[PDB]
Structure formats: C-alpha cells, structure tokens
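Asker: this one's experimental. Sequence and coordinates below.
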Amino acid sequence: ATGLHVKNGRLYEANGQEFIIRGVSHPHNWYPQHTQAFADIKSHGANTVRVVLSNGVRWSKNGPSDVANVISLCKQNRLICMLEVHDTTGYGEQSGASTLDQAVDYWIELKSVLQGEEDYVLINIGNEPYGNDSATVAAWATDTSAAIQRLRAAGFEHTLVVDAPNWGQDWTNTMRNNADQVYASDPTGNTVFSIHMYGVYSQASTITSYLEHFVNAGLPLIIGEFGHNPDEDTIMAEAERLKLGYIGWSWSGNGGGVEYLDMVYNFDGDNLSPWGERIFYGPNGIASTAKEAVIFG
C-alpha cells in the first residue's frame, strides 16, 4: 500500500495532509552507540530524521535487524524516518564508492523490514551519488531512472528520494535540467528530488533561482542537506516561503575537517553549538516551523 506520496509536486501523508520535512541527519552507521539521539532530536522539535546507513561497500553493513530497530526508534519518537545509503557518495571520483545499483541490491535485501512502513519511512536511494567526473555525471539521469525502476519492479511502494550529482550540489545543473525525465520514469509518481546546499549556494540569487525552478515546474524537492559557506539564513527563509522541506547536517560527530557542522557537542542533547541553536531556534528554524506528521496522532 502507499503511505507518504506525491501529488501536484508536493509531499502528502495518506490522509491527504501535506507534510513539510523539518529535520536533521544522524550518523547512525558510524555511532551505533548513540541511539538516544532519536529522542533528543525529537525533543528539539524535528519531525524527521535522516539516518546514515551503509550497504557494506565502504563502511559496515546495517543488517535487517539493525534497520528494523532504527524504524522502531523513529516510530517510538514520532519521527518520519528517511533512510539513506551513504556509500554511493562521490562515485566516479571517490575511490571505493558504491554504485546506485549496489545501493538498490541492499534495499531489496531489506524488503521484508521495509514493506508495510510506507507511512513512516522515506527511502533516499544513495547519498550524493556522483562526484564531478564528467563521464559519470552524464549518467545521472539514466542510472537514477534505472534504480527507481528496479525498486518499483521489486514491489517497493515508498516515496523515494533521489540525490543530485556533483557531490549533491548539482553545480552543472544536471539534476535541474533532467529531473522531468527522471520523474516520468517512476510509474507511481512518488519520487522526490533532493539538493544539498554547501559552498555553491553562498549567494541568495543562486538559492532562489534553483528552488523556484522546481516549484514553478511542479517537481518535488527537498533540501536534503545544508550547512552554515552556504547562506543558511536565505536557505531557511526560502524553504519557509516556498513551503519546501529541509534537513540540516548534522546532529553530532562530524570528522574530516567539518567539525563546525555538529549541532550538539559530543551527542549531548542539551549542549547545542551555535549551529544547533540557529537551525532549531533561530528564524525559520525547526522548533518554530515543524509540525509532527499526523500519522502519529
């Protein structure tokens, strides 16, 4: 059965109530000991959590029982659960990355724990699935359509979330120019596009132009990741104006020189960084704009 779905370019619950994502990413694969984060994220007002999983290509695979537990934690905390396979990141440029096809093999392996959870779970096929290599960026539309087709053929009815090339930022405008082709390839129409906004989006003009292109065309879009040198004030303001979902990166535990993207320090829910204060409590932030999904009431 279908649960969350797309109608007229927007995301709806099965009862017809529109759902506007206001959430954050949590690095579950890398920090399995920090399952308290689900409750902590909910306590600050988020309505969705994007959960980092692995298909075993670059990191250690999250098996079916582990994913079942994640889903139960989302449901217990009245959060919509967006699951994503991180191993695809930067394919074509990043050594050892997964292809989208290998991500789909993993989703199919999880079919028994995902079927019947269409009201609660969104499937983000693979994170930032292409780097900047031209030959592979050129395959984004065909590879993405192929992955959607494989999932629908395997009986998946969930709403699917697909990321852009160029490490999620789409600076070539490949996703922007070809999303119509990809959307047509989903028989059910339950596909949502996701843009990641980092340094390409330091100017308000670029942000507004990109977001309005999707809204004006009726192409469903979420800002699946953003940081703070992106203009976060304009990203959050425009997401509110246009009624688009957004998901900040990330709860805690960043490494690789991106420590400043931690919302809380050392997974302590009461110890917010300036970024955590901004995204949850500042203008157009999560606490003031998020509404809980109605499926939980």
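Answerer: Done, it's in. Numbers count the residues shown, from 1 in each chain.
Asker: quick one: the helices in the chain, in order.
Answerer: Along the chain, counting by DSSP state H, helices occupy 37-43, 64-76, 100-109, 111-114, 134-137, 140-153, 174-184, 204-217, 232-242, 274-281, 286-289.
Asker: gap between the second one and the chain center?
Answerer: Okay, so that is helix 64-76. Centre-to-centre, helix 64-76 and its host chain are 17 Å apart (CA atoms, centre = their mean, to the nearest Å).
Asker: return the set of buried residues in it.
Answerer: Residues 66, 67, 69, 70, 71, 73, 74, 75 are the ones in helix 64-76 that count as buried (16 or more other CB atoms under 10 Å). The C-beta positions use only the backbone N, C-alpha and C, and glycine is treated the same way.
Asker: report the contact partners of the second one.
Answerer: What that stands for is residue 67. Applying CB atoms under 8 Å, 6 or more residues apart in numbering to residue 67 gives the contacts 53, 83, 110, 113, 114.
Asker: hang on, the earlier thing: which one, of the helices of the chain, ends up nearest to residue 168?
Answerer: helix 174-184 (9.3 Å; CB to CB).
Asker: show me the beta-bridge partners of the nearest residue to residue 62 once chain neighbours are set aside.
Answerer: Excluding its sequence neighbours, the residue lying closest to residue 62 (CB to CB, 6 or more residues apart in numbering) is residue 53, at 4.5 Å. Legend: beta-bridge partners of residue 53 under DSSP bridges are residue 85.
Asker: list the contacts of residue 53.
Answerer: The contact partners of residue 53, by CB under 8 Å, 6+ apart, come to 28, 29, 62, 67, 70, 83, 84, 85, 86.
Asker: and those residues, which are buried?
Answerer: 28, 29, 62, 67, 70, 83, 84, 85, 86.
Asker: quick one, what contacts the third one?
Answerer: I take that to be residue 62. Residue 62 is in contact with 28, 29, 53, 54, 70, counting by CB under 8 Å, 6+ apart.
Asker: please apply the same query to the last one.
Answerer: By CB under 8 Å, 6+ apart, the contact list for residue 86 reads 29, 52, 53, 54, 58, 59, 126, 127.
Asker: and with 7 Å instead?
Answerer: Going by CB atoms under 7 Å, 6 or more residues apart in numbering, residue 86 touches 29, 52, 53, 54, 59, 127.
Asker: same thing with the first one?
Answerer: Applying CB under 7 Å, 6+ apart, we find residue 28 in contact with 51, 52, 53, 70.
Asker: greatest separation within the residues you listed: which pair is it?
Answerer: Maximum distance among the contacts of residue 28 (CB to CB): 10.2 Å, for 52 and 70.
Asker: surely residue 24 touches residue 263?
Answerer: Yes. If you go by CB atoms under 7 Å, residue 24 and residue 263 touch, sitting 6.3 Å apart.
Asker: shared neighbours of these two, anything?
Answerer: Residues touching both residue 24 and residue 263 comprise 248, 250, 251, with contact defined as CB under 7 Å, 6+ apart.
Asker: the first one: how many residues sit nearby?
Answerer: Neighbourhood size, residue 248 [other CB atoms under 10 Å]: 29.
Asker: what does the last one give?
Answerer: The number of residues packed near residue 251 is 30, by other CB under 10 Å.
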